[PDB]
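There are 2 protein chains.
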Amino acid sequence: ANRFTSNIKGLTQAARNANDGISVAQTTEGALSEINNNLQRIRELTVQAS
Amino acid sequence: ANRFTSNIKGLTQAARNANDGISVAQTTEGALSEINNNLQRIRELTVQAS
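Chains as they are written, first to last, in PDB author numbering: chain G, 51 to 100; chain Q, 51 to 100.
Structure below.
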């Protein structure tokens, strides 16, 4: 039962860590999408300047 | 989806550029017509002076 308690506590902590990782990935993806929009605008600008 | 966005927003600007070129062609054709009228008048004056 003691080892089971250890396993359960570790599993909860690992779930917390995974939620934090999901947060990190989403936070990065937001800025990625923004930079993509900027690149699309630059490409249309070059199209007009060509 | 992003590549389709790029292609669409490029083709729209390309159509704009084609219209801007049509404008140049028309503006040139006008002056060409005026010069043609002047040459016709010159030819009539020549056949008068012959």
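Quick reminder that beta carbons are idealized off the backbone N, C-alpha and C, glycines included.
Verify the CB distance criterion: does residue i have a CB-CB separation below 8 Å to chain Q?
| i | result |
| --- | --- |
| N52/G | no |
| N88/G | no |
| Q76/G | no |
Is residue i helix, strand or coil when you go by DSSP?
| i | result |
| --- | --- |
| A65/G | helix |
| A99/Q | helix |
| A51/Q | coil |
Looking at chain G, which residues of the region 56-73 of chain Q have a Cβ within less than 9 Å of any of its Cβ atoms?
The residues in question are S56, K59, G60, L61, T62, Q63, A64, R66, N67.
Does the count of Cβ pairs from the region 83-98 of chain G and the region 54-70 of chain Q closer than 8 Å reach three?
Result yes; three or more Cβ-Cβ pairs closer than 8 Å.
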